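Peer 1: Next up is a structure, given as structure tokens.
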Amino acid sequence: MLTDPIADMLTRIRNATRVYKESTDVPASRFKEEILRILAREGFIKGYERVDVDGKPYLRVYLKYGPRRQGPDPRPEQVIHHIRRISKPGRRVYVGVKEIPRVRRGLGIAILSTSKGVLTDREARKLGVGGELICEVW
Amino acid sequence: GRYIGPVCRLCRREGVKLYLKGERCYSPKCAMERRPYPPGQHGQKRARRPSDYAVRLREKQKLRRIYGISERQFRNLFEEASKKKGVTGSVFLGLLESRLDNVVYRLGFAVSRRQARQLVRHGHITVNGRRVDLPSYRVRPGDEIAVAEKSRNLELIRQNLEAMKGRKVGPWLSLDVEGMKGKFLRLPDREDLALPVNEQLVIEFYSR
Amino acid sequence: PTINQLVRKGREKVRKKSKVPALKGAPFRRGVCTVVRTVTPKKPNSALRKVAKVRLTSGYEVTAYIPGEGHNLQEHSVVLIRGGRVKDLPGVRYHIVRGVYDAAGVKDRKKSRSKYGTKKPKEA
Amino acid sequence: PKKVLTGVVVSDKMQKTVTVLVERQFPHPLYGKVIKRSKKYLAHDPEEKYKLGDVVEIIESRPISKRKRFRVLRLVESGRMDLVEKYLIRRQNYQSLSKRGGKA
Amino acid sequence: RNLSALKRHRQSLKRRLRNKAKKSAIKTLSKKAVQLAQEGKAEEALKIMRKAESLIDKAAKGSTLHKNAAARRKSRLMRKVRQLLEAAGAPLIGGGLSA
Amino acid sequence: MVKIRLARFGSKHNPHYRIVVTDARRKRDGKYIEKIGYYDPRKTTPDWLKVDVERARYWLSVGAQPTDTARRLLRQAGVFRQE
RNA sequence: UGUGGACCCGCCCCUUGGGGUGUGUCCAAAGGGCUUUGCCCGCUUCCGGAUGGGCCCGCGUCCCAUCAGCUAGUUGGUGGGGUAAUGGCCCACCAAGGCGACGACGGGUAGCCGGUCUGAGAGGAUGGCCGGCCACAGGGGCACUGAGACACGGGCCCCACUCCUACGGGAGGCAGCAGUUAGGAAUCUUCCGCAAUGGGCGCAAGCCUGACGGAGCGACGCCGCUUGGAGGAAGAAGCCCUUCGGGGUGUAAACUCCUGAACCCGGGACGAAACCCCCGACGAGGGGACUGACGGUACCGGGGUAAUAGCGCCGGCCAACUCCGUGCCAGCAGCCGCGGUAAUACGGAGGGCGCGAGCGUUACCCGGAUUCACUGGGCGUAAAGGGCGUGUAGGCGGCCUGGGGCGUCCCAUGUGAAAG
Ligand SMILES: [Mg+2]
Ligand SMILES: [Mg+2]
Ligand SMILES: [Mg+2]
Ligand SMILES: [Mg+2]
Ligand SMILES: [Mg+2]
Ligand SMILES: [Mg+2]
Ligand SMILES: [Mg+2]
Ligand SMILES: [Mg+2]
Ligand SMILES: [Mg+2]
Ligand SMILES: [Mg+2]
Ligand SMILES: [Mg+2]
Ligand SMILES: [Mg+2]
Ligand SMILES: [Mg+2]
Ligand SMILES: [Mg+2]
Ligand SMILES: [Mg+2]
Ligand SMILES: [Mg+2]
Ligand SMILES: [Mg+2]
Ligand SMILES: [Mg+2]
Ligand SMILES: [Mg+2]
Ligand SMILES: [Mg+2]
Ligand SMILES: [Mg+2]
Ligand SMILES: [Mg+2]
Ligand SMILES: [Mg+2]
Ligand SMILES: [Mg+2]
Ligand SMILES: [Mg+2]
Ligand SMILES: [Mg+2]
Ligand SMILES: [Mg+2]
Ligand SMILES: [Mg+2]
Ligand SMILES: [Mg+2]
Ligand SMILES: [Mg+2]
Ligand SMILES: [Mg+2]
Ligand SMILES: [Mg+2]
Ligand SMILES: [Mg+2]
Ligand SMILES: [Mg+2]
Ligand SMILES: [Mg+2]
Ligand SMILES: [Mg+2]
Ligand SMILES: [Mg+2]
Ligand SMILES: [Mg+2]
Ligand SMILES: [Mg+2]
Ligand SMILES: [Mg+2]
Ligand SMILES: [Mg+2]
Ligand SMILES: [Mg+2]
Ligand SMILES: [Mg+2]
Ligand SMILES: [Mg+2]
Ligand SMILES: [Mg+2]
Ligand SMILES: [Mg+2]
Ligand SMILES: [Mg+2]
Ligand SMILES: [Mg+2]
Ligand SMILES: [Mg+2]
Ligand SMILES: [Mg+2]
Ligand SMILES: [Mg+2]
Ligand SMILES: [Mg+2]
Ligand SMILES: [Mg+2]
Ligand SMILES: [Zn+2]
């Protein structure tokens, strides 16, 4: 059993991208999908689609990179240079609207889970609500 | 403790021409002439590459040396500029320039700063009417800095104000050589002051 | 350590050991001599460093040091202690204040006169 | 407002008095983790109407004795000795850490 | 030395004595009644209870008992007497007792 | 009883009181019940005595007793003027 | 006398002893002054306000587990005592309980707070002055009187100590101001005034008020100010260094002129207008009267003299170097390290850097020290994985739906004194 499914998915992606995979698979759960729906919209990934493997529900996440660079090590830049888990079991984190952090002077995001649903640090700020600071991406 | 000692000796150790002497410093004999090297038995010997530190320690000594102010006061003013909104340098310099003794020198009632400082201490100066014998008095925008009435007949004040006829004054200031009055129009902008100092290094020295 | 562990035991604020039990850690402490023997420097050095055994008011009998070119301390000389070790004499952690009590101040001293307790020379 | 608390009846070995164990969750002041914590209040039961495993509300009352400054307000849900259980066992291993011979 | 605050002490003792006396009475008569009633003395029992009630309310007149201290006193009395006459009493003088 | 009096708040040789409702027993510059004004004896500013006749009246009505000086300052502000 | 209120009981409304009502019982008082035949100051009972306070509750509040089990008034009843009042607060009787690793009990240390200092912050440290609360008034116990005390300048007893002792027997308590003495590295005047603010009492006049308002002493702290300004040699003398030509101190001085701290003379405060008194009603309102400790002080005006400088440092860190003396000596030394012969490091000197009525030292607190790491650390070989396992409490939990809404989030509102 995974101790933290969300921290798992965030990683499957972190890992997949360093070897420049085409897409990685993560077991499926609504919450996980809601998160993807954001990476997707915020442009951190090409997108995700629901598949099945050996009968079990997964979430094919199609990753995104940059252009093949020039010089030694022509490996593309990362779209997702960073994707780190914050509120975790054993150490939950909750922020008030006036406390939602501003990721990378704005250039990045933060995904909270509010009672108004999963949202980015702007989306939530705008709706004027805070919640559990799920992760941080940039 | 306003120093009270050799002043052309400070221009020499400063490498830069400091006009903390007023007259004389404007005529071939400034001591800086025929001795652009620091005062001392080793003055002329070749200098060693000053340490990042020194470069700032000197730079501050220069600025402060100019307005002839104690480090005690100089610091407390800098710190005040640290709290105010705006480029600390622009506020620091503006604040140093608001000193009554300094303003007096500007309006030319005195050839130097130390002469001005005395003209302040001996009541020869007036702010908006009443006198003020505090060199540190801060002149805000809109004050009329004049010469003490019962003082306008002093030989030192005559030839000093006479030499101001025809001479232009800082843009932020206003002078009326007739009635011997003056006007602190506005806090000078960095631009307005052309000091031989990079305050940036100063903000850095007090940032240790 | 896990958060649970920290929550469980937390971190430990380690304390500071006073390297000068001049008790009450007071600025200075008064004492009377007992011995005025001389001592020999540590490894790298050699000389005849001057030391005094002071029986402090703080109920402490400790070794002080007598700084300066030369002194005048004897058996029952009351002196003032100030703390400050001597890196060449292990066990000598306190300095004795020249110019206080029976401790005369270094005569004919022009430089660091403030220390060594010596009045301004009346240069005519 | 007279404070109202909710806990489990861990004991009724008293005449008109029940021990109510109340729990409380909250973030750690420095470590953030949401920690648990509890305290037992001696509630007043004049008609000894409540028994072990009853979850009752407790209400801030005017003093009935030392230790007793609370009265049993009502019943929330009954019959859950599963809770009493824990409290009991937490006490179980207690008397097994000293000089008794290690016999527990 | 010397401080005429001694006058205060001097006075407190006369007060201390005056108070002490009014109470002794009350207590002494209060028992008296809690006794006749205890023995079912319908009339003479209430009777005294009435005088007690009085010295009580009276003590409260000034600063002996005062407050609701007198009130307690009375309550405990009219209470006890009524419950002790609960042995075939039948209140006769009907002092401080309601039908 | 409760009172309306002054509380010394200036500085040496620079007295500035603070017309205030306090309990008769408290300190002078102690903890007050409510501030209702201020007064500058040396009248160094065109504004050397503000009062708030409303509040002043509230307390008078419920028992507050004013010092002689305080009553003077209250009157100057017309706390008791009924005309 | 009974407006009323107290108590028993009943009923009603409330709902832990709140409010109402009925019968019965119980309970009031003080007089004084005149502008004397009615005003004033008081008095009594009751309801209410206002202010102050008691008691109770949730949560928070240092170190050691080399302190792990503690308790019998202990825990809870019933009845009583007691109190303004709840309560083992106390008591009689009954029941057998209560508390603890979410650290009981024990040991150590400590008055708590608003705040203060320091830190980018999180945090660390701290609680002096001023304000709030609490506790104590030589040590221990106790109650009396009172609206209130278990009462710092009230009382009683025991104890320790000191003065009186016609030796039986007494009298005392500065942690109130000032002062003395002792301890210590160290902490002030046996001050002036009640003028002002505040307090007690008095109808008032007024009295009392070491609360307070002032002065005094101490660079102890902070801020302001001074010891001068301008001109003055391709540069005195002296001291210094010298590749002996020179180079340095230095425009510094001398010296000319100018302003003129100190100090002298004249004037001279604000803080004070109320209380009181007269008119008016002892009201609103108007009129007058007395009242400054600080102080002849501040401040104003006139006159008027060039009129204190010091301390630290100059090997790297760290701003500033030469000569001489000394020779592992004498000595320096925060750390690294300097001295056994040509020491930028000792001592002196000239010179120089720093700061300046101060400068340096010692002690102590935060910082730098992400060097206890929550923000913000680690454990193969640097300090660090438990010799291994079983599994107790505990921490932690996969995918979908529903209820609840404790955690979490949001809104409004109350609170968050003053000082800072
Ligand atoms: Mg030291
Ligand atoms: Mg005496
Ligand atoms: Mg008797
Ligand atoms: Mg009646
Ligand atoms: Mg009734
Ligand atoms: Mg009822
Ligand atoms: Mg009735
Ligand atoms: Mg009469
Ligand atoms: Mg037991
Ligand atoms: Mg009772
Ligand atoms: Mg009982
Ligand atoms: Mg018993
Ligand atoms: Mg303990
Ligand atoms: Mg203590
Ligand atoms: Mg830090
Ligand atoms: Mg700060
Ligand atoms: Mg802080
Ligand atoms: Mg604190
Ligand atoms: Mg305090
Ligand atoms: Mg109290
Ligand atoms: Mg004593
Ligand atoms: Mg009493
Ligand atoms: Mg006394
Ligand atoms: Mg002594
Ligand atoms: Mg007075
Ligand atoms: Mg008065
Ligand atoms: Mg000159
Ligand atoms: Mg002259
Ligand atoms: Mg008077
Ligand atoms: Mg009249
Ligand atoms: Mg009038
Ligand atoms: Mg003149
Ligand atoms: Mg001179
Ligand atoms: Mg250097
Ligand atoms: Mg020698
Ligand atoms: Mg030295
Ligand atoms: Mg050598
Ligand atoms: Mg050195
Ligand atoms: Mg040397
Ligand atoms: Mg720093
Ligand atoms: Mg740290
Ligand atoms: Mg490490
Ligand atoms: Mg090894
Ligand atoms: Mg190892
Ligand atoms: Mg192993
Ligand atoms: Mg091992
Ligand atoms: Mg082992
Ligand atoms: Mg669980
Ligand atoms: Mg789950
Ligand atoms: Mg659910
Ligand atoms: Mg909730
Ligand atoms: Mg508010
Ligand atoms: Mg505030
Ligand atoms: Zn020059």
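In the structure tokens, chains take the letters A, B, ... in the order shown, each chain's residues start at 1, and ligands count up from 1 in the order shown.
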Return as a VMD selection string the residues of protein, DNA or RNA that approach ligand 27 to within 10 Å, with only C-alpha atoms (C1' of nucleotides) and all ligand atoms taken into account.

Peer 2: (chain B and resid 4 to 7 21) or (chain G and resid 228 to 232 251 to 253)

Peer 1: Around ligand 16, out to 12 Å and counting only C-alpha atoms (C1' of nucleotides) and all ligand atoms, which residues are there? I want them as a PyMOL selection string.

Peer 2: chain G and resi 116-121+123+366

Peer 1: For chain G, report every residue with an atom at most 6 Å from chain E (counting only C-alpha atoms (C1' of nucleotides)), formatted as an MDAnalysis selection string.

Peer 2: chainID G and resid 7:9 23:27 145

Peer 1: How many Å separate atom CA of residue B:88 from atom CA of residue B:194?

Peer 2: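 According to the coordinates, atom CA of residue B:88 and atom CA of residue B:194 are separated by 16.8 Å.
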
Peer 1: Could you tell me how far atom CA of residue C:8 sits from atom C1' of residue G:71, in Å to one decimal place?

Peer 2: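 One can read the atom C1' of residue G:71 to atom CA of residue C:8 distance as 28.8 Å.
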
Peer 1: To test your reading of the structure, identify every residue in stretch 38-131 of chain A that backbone DSSP assigns to alpha helix (DSSP H), and report it as a PyMOL selection string.

Peer 2: chain A and resi 38-41+121-126

Peer 1: Those same residues - N, CA, C and O atoms - I'd like them written as a PDB file, in the first residue's frame.

Peer 2:
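Just written: selection-v8.pdb:
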ATOM      1  N   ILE A  38      -5.185  20.340 -13.508  1.00  0.00           N
ATOM      2  CA  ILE A  38      -4.531  21.631 -13.319  1.00  0.00           C
ATOM      3  C   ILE A  38      -3.207  21.717 -14.057  1.00  0.00           C
ATOM      4  O   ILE A  38      -2.935  22.695 -14.755  1.00  0.00           O
ATOM      5  N   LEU A  39      -2.370  20.706 -13.886  1.00  0.00           N
ATOM      6  CA  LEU A  39      -1.090  20.694 -14.581  1.00  0.00           C
ATOM      7  C   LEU A  39      -1.435  20.903 -16.060  1.00  0.00           C
ATOM      8  O   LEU A  39      -0.785  21.690 -16.764  1.00  0.00           O
ATOM      9  N   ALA A  40      -2.485  20.207 -16.505  1.00  0.00           N
ATOM     10  CA  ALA A  40      -2.970  20.278 -17.883  1.00  0.00           C
ATOM     11  C   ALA A  40      -3.336  21.700 -18.271  1.00  0.00           C
ATOM     12  O   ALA A  40      -2.804  22.256 -19.228  1.00  0.00           O
ATOM     13  N   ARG A  41      -4.259  22.284 -17.522  1.00  0.00           N
ATOM     14  CA  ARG A  41      -4.689  23.646 -17.792  1.00  0.00           C
ATOM     15  C   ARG A  41      -3.554  24.659 -17.645  1.00  0.00           C
ATOM     16  O   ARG A  41      -3.441  25.565 -18.457  1.00  0.00           O
ATOM     17  N   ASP A 121      -2.898  28.755  -6.567  1.00  0.00           N
ATOM     18  CA  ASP A 121      -2.772  29.844  -5.607  1.00  0.00           C
ATOM     19  C   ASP A 121      -3.442  31.133  -6.077  1.00  0.00           C
ATOM     20  O   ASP A 121      -3.657  32.056  -5.292  1.00  0.00           O
ATOM     21  N   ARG A 122      -3.766  31.213  -7.358  1.00  0.00           N
ATOM     22  CA  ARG A 122      -4.441  32.401  -7.840  1.00  0.00           C
ATOM     23  C   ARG A 122      -5.915  32.092  -7.777  1.00  0.00           C
ATOM     24  O   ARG A 122      -6.683  32.821  -7.172  1.00  0.00           O
ATOM     25  N   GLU A 123      -6.299  30.979  -8.379  1.00  0.00           N
ATOM     26  CA  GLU A 123      -7.691  30.584  -8.397  1.00  0.00           C
ATOM     27  C   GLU A 123      -8.307  30.686  -7.020  1.00  0.00           C
ATOM     28  O   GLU A 123      -9.375  31.258  -6.861  1.00  0.00           O
ATOM     29  N   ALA A 124      -7.625  30.136  -6.024  1.00  0.00           N
ATOM     30  CA  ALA A 124      -8.124  30.159  -4.653  1.00  0.00           C
ATOM     31  C   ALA A 124      -8.114  31.563  -4.070  1.00  0.00           C
ATOM     32  O   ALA A 124      -9.058  31.977  -3.408  1.00  0.00           O
ATOM     33  N   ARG A 125      -7.038  32.292  -4.309  1.00  0.00           N
ATOM     34  CA  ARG A 125      -6.955  33.636  -3.782  1.00  0.00           C
ATOM     35  C   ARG A 125      -8.150  34.415  -4.292  1.00  0.00           C
ATOM     36  O   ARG A 125      -8.841  35.081  -3.532  1.00  0.00           O
ATOM     37  N   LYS A 126      -8.389  34.313  -5.591  1.00  0.00           N
ATOM     38  CA  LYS A 126      -9.496  35.004  -6.245  1.00  0.00           C
ATOM     39  C   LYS A 126     -10.837  34.590  -5.628  1.00  0.00           C
ATOM     40  O   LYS A 126     -11.637  35.439  -5.264  1.00  0.00           O
TER      41      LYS A 126
END

Peer 1: Any idea what's packed within 8 Å of stretch 5-18 of chain F, counting only C-alpha atoms (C1' of nucleotides), ignoring anything in its chain fewer than 4 positions away? Could you give it as a list in words?

Peer 2: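 These residues fall inside the cut-off: residues 22, 28, 29, 30, 35, 36, 37, 38, 39, 40, 41, 42, 66, 67, 69 and 70 of chain F; 197 and 271 of chain G.
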
Peer 1: As a PyMOL selection string, please: every protein or nucleic acid residue near ligand 51 (cut-off 9 Å, counting only C-alpha atoms (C1' of nucleotides) and all ligand atoms).

Peer 2: chain G and resi 405-408

Peer 1: Can you pull out every residue with an atom within 9 Å of ligand 48? Use only C-alpha atoms (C1' of nucleotides) and all ligand atoms and format it as a list in words.

Peer 2: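 My answer, listing the contacting residues, is residues 395, 396 and 397 of chain G.
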
Peer 1: Those selected residues, please, written with N, CA and C atoms (P, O5', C5', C4', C3', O3' and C1' of nucleotides) and delivered as a PDB file, in the first residue's frame.

Peer 2:
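Everything below was put into result-v8.pdb:
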ATOM      1  P     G G 395      -1.987   8.030  17.739  1.00  0.00           P
ATOM      2  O5'   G G 395      -0.771   8.123  16.718  1.00  0.00           O
ATOM      3  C5'   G G 395       0.183   9.175  16.816  1.00  0.00           C
ATOM      4  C4'   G G 395       1.177   9.082  15.692  1.00  0.00           C
ATOM      5  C3'   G G 395       0.569   8.977  14.310  1.00  0.00           C
ATOM      6  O3'   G G 395       0.231  10.251  13.782  1.00  0.00           O
ATOM      7  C1'   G G 395       2.188   7.295  14.553  1.00  0.00           C
ATOM      8  P     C G 396      -1.015  10.387  12.779  1.00  0.00           P
ATOM      9  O5'   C G 396      -0.664   9.398  11.576  1.00  0.00           O
ATOM     10  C5'   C G 396       0.292   9.766  10.581  1.00  0.00           C
ATOM     11  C4'   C G 396       0.543   8.621   9.616  1.00  0.00           C
ATOM     12  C3'   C G 396      -0.619   8.061   8.810  1.00  0.00           C
ATOM     13  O3'   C G 396      -0.992   8.850   7.681  1.00  0.00           O
ATOM     14  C1'   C G 396       0.649   6.279   9.660  1.00  0.00           C
ATOM     15  P     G G 397      -2.546   8.933   7.254  1.00  0.00           P
ATOM     16  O5'   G G 397      -2.823   7.564   6.469  1.00  0.00           O
ATOM     17  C5'   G G 397      -2.530   7.447   5.073  1.00  0.00           C
ATOM     18  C4'   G G 397      -2.992   6.108   4.531  1.00  0.00           C
ATOM     19  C3'   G G 397      -4.498   5.800   4.498  1.00  0.00           C
ATOM     20  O3'   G G 397      -5.304   6.283   3.392  1.00  0.00           O
ATOM     21  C1'   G G 397      -3.315   3.988   5.474  1.00  0.00           C
TER      22        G G 397
END

Peer 1: Find the residues of chain C in contact range of chain D, meaning any atom within 8 Å when counting only C-alpha atoms, and list them as an NGL selection string.

Peer 2: :C and (3-4 or 6-7)

Peer 1: Set the cut-off to 9 Å and count only C-alpha atoms (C1' of nucleotides): what are the residues of chain G that reach chain D? Output as a ChimeraX atom specification.

Peer 2: /G:16,56-58,68-69,75-77,86-88,95-97,100-102,374,392-393,406-407

Peer 1: May I have the residues of chain G within 12 Å of chain C, counting only C-alpha atoms (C1' of nucleotides), written as a PDB file with C-alpha atoms (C1' of nucleotides), in the first residue's frame?

Peer 2:
ATOM      1  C1'   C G  63      14.756  22.117  33.835  1.00  0.00           C
ATOM      2  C1'   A G 101       4.484   7.891  30.060  1.00  0.00           C
ATOM      3  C1'   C G 102      -1.065  13.238  26.325  1.00  0.00           C
ATOM      4  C1'   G G 124      16.257  32.919  21.037  1.00  0.00           C
ATOM      5  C1'   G G 183      27.879  42.515  52.207  1.00  0.00           C
ATOM      6  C1'   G G 184      29.806  43.956  47.293  1.00  0.00           C
ATOM      7  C1'   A G 185      33.200  45.252  41.390  1.00  0.00           C
ATOM      8  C1'   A G 186      28.717  48.922  42.355  1.00  0.00           C
ATOM      9  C1'   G G 310      41.010  62.557  25.242  1.00  0.00           C
ATOM     10  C1'   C G 311      41.277  57.220  24.663  1.00  0.00           C
ATOM     11  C1'   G G 312      41.930  52.920  21.610  1.00  0.00           C
ATOM     12  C1'   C G 313      44.464  50.853  17.715  1.00  0.00           C
ATOM     13  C1'   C G 328      62.654  32.379  23.694  1.00  0.00           C
ATOM     14  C1'   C G 329      64.752  38.005  27.854  1.00  0.00           C
ATOM     15  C1'   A G 330      61.408  41.436  29.155  1.00  0.00           C
ATOM     16  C1'   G G 331      56.972  40.860  27.497  1.00  0.00           C
ATOM     17  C1'   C G 332      52.224  40.737  23.734  1.00  0.00           C
ATOM     18  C1'   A G 333      48.328  37.626  22.844  1.00  0.00           C
ATOM     19  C1'   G G 334      40.174  37.590  20.893  1.00  0.00           C
ATOM     20  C1'   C G 335      41.594  33.521  17.364  1.00  0.00           C
ATOM     21  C1'   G G 337      50.341  33.307  16.673  1.00  0.00           C
ATOM     22  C1'   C G 338      54.735  37.265  17.850  1.00  0.00           C
ATOM     23  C1'   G G 339      59.877  37.341  20.656  1.00  0.00           C
ATOM     24  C1'   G G 340      66.686  33.320  20.551  1.00  0.00           C
ATOM     25  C1'   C G 346      57.472  43.278  22.857  1.00  0.00           C
ATOM     26  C1'   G G 347      58.836  48.634  25.168  1.00  0.00           C
ATOM     27  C1'   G G 348      59.703  53.871  23.190  1.00  0.00           C
ATOM     28  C1'   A G 349      59.606  57.186  19.584  1.00  0.00           C
ATOM     29  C1'   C G 359      37.405  56.162  24.626  1.00  0.00           C
ATOM     30  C1'   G G 360      38.777  51.349  26.047  1.00  0.00           C
ATOM     31  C1'   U G 361      38.230  46.768  29.431  1.00  0.00           C
ATOM     32  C1'   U G 362      35.510  42.991  32.089  1.00  0.00           C
ATOM     33  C1'   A G 363      30.906  40.463  32.606  1.00  0.00           C
ATOM     34  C1'   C G 364      26.217  39.106  30.375  1.00  0.00           C
ATOM     35  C1'   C G 365      22.145  38.576  26.311  1.00  0.00           C
ATOM     36  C1'   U G 371      26.656  24.771  15.065  1.00  0.00           C
ATOM     37  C1'   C G 372      19.195  21.149  18.034  1.00  0.00           C
ATOM     38  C1'   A G 373      17.960  22.486  11.472  1.00  0.00           C
ATOM     39  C1'   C G 374       9.521  24.272  12.416  1.00  0.00           C
ATOM     40  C1'   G G 377      20.642  19.469   9.430  1.00  0.00           C
ATOM     41  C1'   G G 378      22.245  14.589   9.481  1.00  0.00           C
ATOM     42  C1'   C G 379      23.959   8.844  10.473  1.00  0.00           C
ATOM     43  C1'   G G 394       1.189   5.011  19.608  1.00  0.00           C
ATOM     44  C1'   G G 395       2.188   7.295  14.553  1.00  0.00           C
ATOM     45  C1'   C G 396       0.649   6.279   9.660  1.00  0.00           C
TER      46        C G 396
END

Peer 1: Would you pick out the contacts of residue B:8 at 8 Å or less, using only C-alpha atoms (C1' of nucleotides), so that residues sharing its chain but fewer than 5 positions from it are not included, and give the list as an mmCIF file with N, CA and C atoms, in the first residue's frame?

Peer 2:
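What ended up in part09.cif:
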data_model
loop_
_atom_site.group_PDB
_atom_site.id
_atom_site.type_symbol
_atom_site.label_atom_id
_atom_site.label_comp_id
_atom_site.auth_asym_id
_atom_site.auth_seq_id
_atom_site.Cartn_x
_atom_site.Cartn_y
_atom_site.Cartn_z
ATOM 1 N N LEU B 18 38.449 67.935 -1.394
ATOM 2 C CA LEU B 18 37.348 68.282 -0.499
ATOM 3 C C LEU B 18 37.381 69.800 -0.276
ATOM 4 N N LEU B 20 36.203 71.618 2.145
ATOM 5 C CA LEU B 20 35.810 71.921 3.523
ATOM 6 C C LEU B 20 36.660 73.055 4.095
ATOM 7 N N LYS B 21 37.063 73.975 3.225
ATOM 8 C CA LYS B 21 37.874 75.112 3.633
ATOM 9 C C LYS B 21 37.312 76.398 3.033
ATOM 10 N N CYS B 30 45.527 75.090 -2.667
ATOM 11 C CA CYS B 30 44.678 74.161 -1.910
ATOM 12 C C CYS B 30 45.390 73.031 -1.178
ATOM 13 N N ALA B 31 46.720 73.070 -1.135
ATOM 14 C CA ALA B 31 47.483 72.023 -0.465
ATOM 15 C C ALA B 31 47.332 70.747 -1.281
ATOM 16 N N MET B 32 46.152 70.557 -1.876
ATOM 17 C CA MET B 32 45.891 69.394 -2.719
ATOM 18 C C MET B 32 46.765 69.621 -3.927
#

Peer 1: Need to verify the contact set: residue F:61, 12 Å, only C-alpha atoms (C1' of nucleotides), exclusion of same-chain residues closer than 5 positions in sequence. Can you return it as number ranges by chain?

Peer 2: F: 2-4, 53-56, 66, 79-80; G: 49-50

Peer 1: Report as a Markdown table: every residue of chain A with an atom at most 8 Å from chain G, its closest pair of atoms, and their distance in Å to one decimal, counting only C-alpha atoms (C1' of nucleotides), with rows sorted by chain and ascending residue number.

Peer 2:
| residue | atom | partner | partner_atom | distance |
| --- | --- | --- | --- | --- |
| A:1 | CA | G:398 | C1' | 6.1 |
| A:2 | CA | G:398 | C1' | 7.3 |
| A:3 | CA | G:397 | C1' | 6.1 |
| A:29 | CA | G:399 | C1' | 6.9 |
| A:89 | CA | G:396 | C1' | 7.2 |
| A:90 | CA | G:396 | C1' | 6.7 |
| A:94 | CA | G:408 | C1' | 6.9 |
| A:96 | CA | G:409 | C1' | 6.9 |
| A:114 | CA | G:409 | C1' | 6.9 |
| A:115 | CA | G:409 | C1' | 6.9 |
| A:128 | CA | G:410 | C1' | 7.7 |
| A:129 | CA | G:409 | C1' | 6.4 |
| A:130 | CA | G:409 | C1' | 5.6 |
| A:131 | CA | G:409 | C1' | 5.5 |
| A:132 | CA | G:408 | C1' | 7.4 |
